[PDB]
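Below you'll find the structure, written out as structure tokens, and then a few comments.
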Amino acid sequence: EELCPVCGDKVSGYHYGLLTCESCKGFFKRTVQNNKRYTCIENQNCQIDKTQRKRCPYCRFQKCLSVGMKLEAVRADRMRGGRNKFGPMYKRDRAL
DNA sequence: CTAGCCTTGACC
DNA sequence: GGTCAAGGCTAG
Ligand SMILES: [Zn+2]
Ligand SMILES: [Zn+2]
């Protein structure tokens, strides 16, 4: 589906385990790269959509985890390019 | 911090 | 050599 499972924005490709928008790709990568830790200021279940996703990073990252984005696809040694161990996992979603 | 566009590079 | 998901860069 053309819709980001985190926020509903236009999907730009497989990112970190599944189809996501460009923004949720960037956000997940920044968070995991730098071990960022956020605070929800309401009740830890804010609605995430294209126009609210900036408002609560905590609940945005919670939802990234929840829909299945993978911490392991973020690379510790920051190598660019090539293909990770999910390259073949992306094969069977392109069949489903 | 955000998010669009750019560059890399192992796999095929 | 081409693909396309990694990481990189930078206005705003
Ligand atoms: Zn998204
Ligand atoms: Zn929240």
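What's counted below: heavy atoms across the whole structure, side chains too, no hydrogens, waters or symmetry copies. So that the names make sense, note that chain A is the first sequence line, chain B the second, and so on, each numbered from 1.
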Considering every strand and a 4.0 Å limit on heavy-atom distances, what is the contact class for A/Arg60: base, sugar-phosphate, or nothing? sugar-phosphate
Over all strands shown, is A/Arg53 touching base, sugar-phosphate only, or nothing at heavy-atom distances under 4.0 angstrom?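 Touches sugar-phosphate only.
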Take the protein atom [atom1] of [X] and the nucleotide atom [atom2] of [N], then report the distance between them rounded to whole Å.
X	N	atom1	atom2	value
A/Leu18	C/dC4	CG	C1'	16 Å
A/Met89	C/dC4	CE	P	15 Å
A/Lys29	C/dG8	NZ	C1'	6 Å
A/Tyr38	B/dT2	OH	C1'	10 Å
A/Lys10	B/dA3	NZ	P	14 Å
A/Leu19	C/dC4	CG	P	12 Å
A/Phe28	C/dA6	CZ	P	10 Å
A/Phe61	B/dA3	CZ	P	16 Å

Could you state whether [X] and [Y] fall into the same hydrophobic cluster, counting links through intermediate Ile, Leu, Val, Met, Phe, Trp or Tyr residues with side-chain heavy atoms under 4.5 angstrom apart?
X	Y	answer
A/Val67	A/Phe27	yes
A/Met89	A/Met69	no
A/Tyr90	A/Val74	no

Can you tell me which nucleotide in [options] comes closest to the side chain of [X]?
X	options	value
A/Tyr16	B/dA3, C/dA6, C/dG8	C/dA6
A/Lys54	B/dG4, C/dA5, B/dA3	B/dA3
A/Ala73	B/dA3, C/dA6, C/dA5	C/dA6

For C/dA5, tell me north or south, taking a positive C1'-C2'-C3'-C4' torsion as north and a negative one as south. south
Return the CD1 to CZ distance between A/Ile48 and A/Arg53, rounded to the nearest 0.5 Å.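 Rounded to the nearest 0.5 Å, the CD1-CZ separation comes to 10.5 Å.
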Atom pair CD (A/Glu22) and NZ (A/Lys10), whose distance is rounded to the nearest 0.5 Å: 8.5 Å
On the side chain of A/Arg75, is there an atom forming a donor-acceptor pair with the base of C/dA5 - under 3.5 Å, no angle test?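 No, the side chain and the base share no sub-3.5 Å donor-acceptor pair.
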Any donor-acceptor pair under 3.5 Å joining the side chain of A/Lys25 to the base of B/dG4?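 When only heavy-atom distances are counted, A/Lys25 does not reach the base of B/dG4 through any donor-acceptor pair under 3.5 Å.
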Note: A/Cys59 and A/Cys46 closest approach over all heavy atoms is SG-N, 3.5 Å
How far apart are the closest heavy atoms of A/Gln33 and A/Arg78, and which atoms are they? NE2-NH1, 3.4 Å
With B for base contact, S for sugar-phosphate-only contact and - for none (protein heavy atoms under 4.0 Å), nucleotides 7-12 of chain B reads BBBBSS
Do any side-chain nitrogens or oxygens of A/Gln33 fall under 4.0 Å of OP1 or OP2 in C/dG8? yes
